[PDB]
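Report on one structure; see the data block that follows.
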Amino acid sequence: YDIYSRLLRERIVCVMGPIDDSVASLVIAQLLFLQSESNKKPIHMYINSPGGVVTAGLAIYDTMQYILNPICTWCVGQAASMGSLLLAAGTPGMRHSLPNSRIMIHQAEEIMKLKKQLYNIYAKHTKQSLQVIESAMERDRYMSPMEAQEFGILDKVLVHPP
Amino acid sequence: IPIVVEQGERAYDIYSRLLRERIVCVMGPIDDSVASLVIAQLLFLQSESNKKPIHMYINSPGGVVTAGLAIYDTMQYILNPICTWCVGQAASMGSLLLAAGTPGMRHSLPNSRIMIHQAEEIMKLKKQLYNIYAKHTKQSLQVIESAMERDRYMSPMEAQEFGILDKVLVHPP
Amino acid sequence: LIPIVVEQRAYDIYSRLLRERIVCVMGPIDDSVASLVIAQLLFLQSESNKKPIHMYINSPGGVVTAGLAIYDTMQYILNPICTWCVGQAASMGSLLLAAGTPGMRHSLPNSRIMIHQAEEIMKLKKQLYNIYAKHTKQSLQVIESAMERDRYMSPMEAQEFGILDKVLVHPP
Amino acid sequence: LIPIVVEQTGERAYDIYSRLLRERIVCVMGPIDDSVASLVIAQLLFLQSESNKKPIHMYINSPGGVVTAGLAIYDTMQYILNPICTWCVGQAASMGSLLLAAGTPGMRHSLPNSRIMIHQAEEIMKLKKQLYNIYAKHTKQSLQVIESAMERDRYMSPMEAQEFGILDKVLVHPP
Amino acid sequence: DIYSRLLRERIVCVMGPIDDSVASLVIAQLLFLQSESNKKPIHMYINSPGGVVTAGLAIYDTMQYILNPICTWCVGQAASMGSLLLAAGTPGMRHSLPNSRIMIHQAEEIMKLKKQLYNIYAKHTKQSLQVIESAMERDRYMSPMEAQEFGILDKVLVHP
Amino acid sequence: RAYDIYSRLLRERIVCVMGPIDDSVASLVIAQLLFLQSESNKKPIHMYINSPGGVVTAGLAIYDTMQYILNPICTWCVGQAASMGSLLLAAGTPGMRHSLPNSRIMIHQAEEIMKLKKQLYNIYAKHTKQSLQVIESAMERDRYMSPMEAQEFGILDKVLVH
Amino acid sequence: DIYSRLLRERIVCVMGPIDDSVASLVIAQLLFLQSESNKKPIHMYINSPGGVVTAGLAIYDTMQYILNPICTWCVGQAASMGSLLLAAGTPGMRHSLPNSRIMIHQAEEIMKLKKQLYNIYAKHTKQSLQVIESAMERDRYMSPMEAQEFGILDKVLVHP
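Residue numbers (the entry's author numbering), protein chains in the order written: chain H, 73 to 179, 195 to 249; chain N, 59 to 65, 69 to 179, 195 to 249; chain I, 58 to 65, 71 to 179, 195 to 249; chain J, 58 to 66, 69 to 179, 195 to 249; chain M, 74 to 179, 195 to 248; chain K, 71 to 179, 195 to 247; chain L, 74 to 179, 195 to 248.
This is the structure we're talking about:
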């Protein structure tokens, strides 16, 4: 086994490295397979992404919302913008992080429309208002996970779990 | 690429395991080497049964028109219902395959982006696309001819009004 | 690469189709394909002398001396070969289509067919005229002039030219 | 990729180039490299062990190859006691034509659209003199005719090759 | 592959350079090994010429998040981030083979990241920050008999 | 292709030693030889030789391994066997040395260079049963020899003439 | 592969140059073979023109960390680091084939490294250090039956 295959057999999906149309092809292909294995047993997603193609990240995020399984989503290492979206899109209550991860939400006229979609989906998952997200997404800063938990991306920060 | 091992001890490429759910992924550009590969999958799945629907997941920015029409023709010749899902984006030929799914079961996801914009043989080829859009979208040729001229993406809830989609799904019932 | 399973290299789809007697010739017909399709066809003959072989053609062109190697193997084999045109059938890809068993040369309705193409290359081009005149029943002067024009033609024309027996949007 | 065809025994898998050995079909196709010569030498000597007298069918489609590689194949065709039937499909050019000519007499065949061509230091001169002698043995042409014909760089049709004596029948269908 | 066949014995070979691909691959393994038990140690054999600080810190924090005793063996070489992972092994169980060679030596955000390295070396080596800040400027390998007294590793060992 | 065929032939205990002998080849033939011993201590192994020569320090690595292995090793000369290629032919198990009738054989090629030459004379005298002076009297002459001469000289036992 | 089948026989091949890439792979095979059996010998066949010293010392230390008897067979040539690994096999079963060629001959940091090699030859060959000083200077290969008297070998064998 490759370790990602040995993890997949226990319903843990890894999205690590940059997100692109090929990585999306793999992460969608796993996600909807683990639905056919069971419609109840939660799926775990581990995030370690320096960014990605915006229309690939929305392909993964839409699939995560389409699937009926609870998806417990773990920030491991860093979650730059297009990973931070997926981290936020975990099932509410099971968006975990390591203690010293690095989280950042900052990154044609159609691109402006697409950016406007990101503000809406952050507003749904973080419960912040649109102006808070629009202003917060302007700054190139890695927020620490204890701050990201207060912004609303994370439900808890884990150290020394059972 | 992940593998999964069934209890013999067959090890499946994750796409080959999904093929057992009759799921065909077509993601990334359509070209002579993906149309060759998706037609082979389609012709295989028709052999395992004539009745059971095939689910086709599209995420492609476009592709070679004479390859996209090879997949489309195979989707018509086959007797299976082909549920078509447009996860991510579908642009140009990627939107044709989405139009070509079985009427009533062409699905899409709300944050997808759909677009139908693209010798004399290029003109005589272009006039094929207008006819098959007029067949599957039920729009008139003049509407397709104008709608294929504007370089924009349309949101999936617009495309359902244009008739490319049957339904836009969240938390499926 | 291709969807695979370990057999217990890997058991790809193009092999997993071969059990159903389906031969794909897709992409260009070169010496590496031609030396391969004539290996598949010979294997399918010994599994059954009578059961048809289905051959799906999507070729934008090919090496003339490779396309004639596949073509003559298709005549040597006793099996009825049913040739399906899906997408391109241009240059040698249209010969293999025309070489399918009389009555079972099929095309899907949006495929584009084209027959257009030292001394040895001229007499070899003259060999193409003879085999097109054999299968299409057009006279040599009609073939020699129809190969002169650089156009694709719709498969409704290809029936009138005689390359196809039937176009099929949906199977009977 | 060569089709890996799977056959029930547990499961086992054979390349079609090896699955054909169930019917004693030896495909020599593409250029005759040292590796391709190594395969067909091993493959021919194996078939003699399964039966001493049942025919072998060899299908030739070669544009040419290394002179000392094709002679390595040709010598096994002379050592082996099996009748070998040689089918030329596509083209048999340069040393690929020797293998066609070396099939057992009366059962050298080629398909009507084929192309045949016999044309291609003291050790190299003596090697080429060996080729003329073996062509004179198998084609029954006199040495001067082969020495003159083997310098001409043209293909010949299978109907010309039949009267030149490289092959014994041109056949559309097996019957 | 042998690197996965070793995994059955809870051995993590972190060998070659540390990069974002390899850092992902080791924190995949560590988190898997923590699922199979919370109790049994993990053995980590380090042979790294160096690595990307943004990746060597990803491995390191998983080694602190995991409760398993991680026993780190320096085999051959441990330089730059490879030296941190050796230092981050569980106190008392950091080991080095006698011929291995160790080196700690290698826009404001990059200086803040460098300041984070000084704090974690001070936590695990117990040296004061002014010692590590100076010592990290010396482009010089230290032998295991020096690294033991500098505090990176606890014992040099053959035939345990 | 070429490096696939050699793998296919391992399934029938045939070892191709082809092209010039160098450390990139000798480190592979001795690896195959040791593998094919472990599959059976008594099943024969077939060397297929088609090599024009090479570096002596690689060809002696194969030769020593062919003496260490307990299997009977058949040596088939196919194509040509010159220099080190002819040594590996001679080193086959007595009675198992075969050659194709028009294959071409050649034995001809600091104080260490003399010492390297002197050990070649010893191993040729061992396997050919010719006296060392008879080896020198032949090995100084640069010619190819026919297998029917090599048989009577004693490099090989059988020519595949029938 | 061949080498990953030989791993089933407890046979390890050090073939070609000993670089950091292959050292990272013989250490993995060695540490794996210890886990399958702590007692059954490992046979290591050496054919190395040489190598980078900071990789040959990584294989060598792993050969000392492992408790298995390691039988080192010199096949072809063992020059430079290849000769160290040959000398490192467990006393009494370092073996050589009769035509193989053995050679031990190969700044402040380079001197401080090279003084390791003299000590780790000296204690394995039972030679006085001043002999290695004048034996490692001559650029010559030496015959196996000379290397046996110099102490690099235990047996020269035609057949096992």
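Idealized CB from N, CA, C, for every residue including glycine.
Contacts of residue i in chain I (Cβ-Cβ under 7 Å)
i	result
residue 82 of chain J	108
Spatially closest choice to residue i from the options, by CA coordinates
i	options	result
residue 155 of chain M	M:110, M:95, M:75	M:95
residue 162 of chain N	N:134, N:73, N:218	N:134
residue 126 of chain J	J:147, J:148, J:138, J:203	J:203
residue 249 of chain N	H:165, H:139, H:222, H:232	H:139
residue 215 of chain K	K:160, K:141, K:75	K:160
residue 147 of chain N	N:59, N:231, N:200, N:195	N:231
residue 136 of chain J	J:89, J:93, J:157	J:157
residue 196 of chain J	K:229, K:200, K:222	K:229
residue 77 of chain I	I:129, I:144, I:99, I:164	I:99
residue 198 of chain N	I:174, I:218, I:198	I:174
residue 89 of chain N	H:200, H:87, H:93, H:104	H:93
residue 241 of chain H	H:166, H:211, H:124	H:166
residue 124 of chain M	M:87, M:143, M:213, M:220	M:87
residue 82 of chain M	L:211, L:221, L:110	L:110
residue 212 of chain I	I:221, I:239, I:227, I:200	I:239
Integer Cβ distance of residue i from residue j, believed to fall under 8 Å
i	j	result
residue 152 of chain M	residue 114 of chain M	At roughly 25 Å, the Cβ-Cβ gap does not stay under 8 Å, so residue 152 of chain M and residue 114 of chain M are not in contact.
residue 79 of chain N	residue 101 of chain H	6 Å
residue 59 of chain N	residue 72 of chain N	No, residue 59 of chain N and residue 72 of chain N are not in contact; Cβ-Cβ is about 11 Å, not under 8 Å.
residue 120 of chain M	residue 108 of chain L	Actually they do not touch by this definition, with Cβ atoms about 18 Å apart.
residue 141 of chain N	residue 106 of chain N	7 Å
residue 91 of chain H	residue 129 of chain H	5 Å
Listed by chain order, chain K residues near residue i by CB distance under 9 Å
i	result
residue 98 of chain L	What residue 98 of chain L touches in chain K: nothing, since even the nearest Cβ is about 14 Å away.
Contacts of residue i in chain N (Cβ-Cβ under 7 Å)
i	result
residue 88 of chain I	97
residue 174 of chain I	127
Residues near residue i by beta carbon distance below 7 Å, same chain, minus five either side
i	result
residue 84 of chain N	116, 118
residue 309 of chain N	As displayed, chain N neither begins before 59 nor continues past 249, which places residue 309 of chain N out of reach and without an answer.
residue 244 of chain H	169, 171, 232, 233, 236
residue 75 of chain I	59, 60
residue 221 of chain M	206
Close-in-space but distant-in-sequence residues of the same chain around residue i (CB under 8 Å, 5 per side omitted)
i	result
residue 224 of chain L	177, 178, 179, 205, 206, 209
residue 64 of chain N	73
residue 226 of chain K	178
Chain-ordered chain H contacts of residue i [CB-CB under 8 Å]
i	result
residue 62 of chain N	77, 80, 81, 105
Per-residue contacts from residue i into chain H (C-beta, under 9 Å)
i	result
residue 248 of chain N	138, 140
residue 245 of chain N	138
Per-residue contacts from residue i into chain I (C-beta, under 8 Å)
i	result
residue 241 of chain J	Ordered by position in chain I, no residue passes the 8 Å Cβ test against residue 241 of chain J, which lies about 15 Å from the chain.
residue 71 of chain N	62, 63, 65
Contact set for residue i: own chain, Cβ-Cβ below 6 Å, skip 5 residues either direction
i	result
residue 70 of chain J	none
residue 218 of chain I	none
residue 143 of chain H	115, 117, 136, 162, 163
Proximal residues of chain N, C-beta to C-beta of residue i below 8 Å
i	result
residue 130 of chain I	Those do not exist, as residue 130 of chain I stays about 23 Å from chain N at its closest Cβ, beyond 8 Å.
residue 102 of chain H	60, 75
Closer than 9 Å at the beta carbon, the chain J residues around residue i
i	result
residue 120 of chain K	93, 96, 97, 127, 128, 131
Residue i: contacting residues in chain M (beta-carbon distance under 7 Å)
i	result
residue 135 of chain L	148
Listed by chain order, chain J residues near residue i by CB distance under 8 Å
i	result
residue 204 of chain I	172
residue 229 of chain K	197
Any non-hydrogen atom of the ligand SAM within 7 Å of residue i CB
i	result
residue 240 of chain L	With respect to the ligand SAM, the structure shown offers nothing to examine, as it has no ligands at all.
Query raised in the report: Taking any Cβ of chain I, which residues in the region 144-168 of chain N have a Cβ under 9 Å from it, in chain order?
Result: Within the region 144-168 of chain N, no residue has its Cβ closer than 9 Å to any Cβ of chain I.
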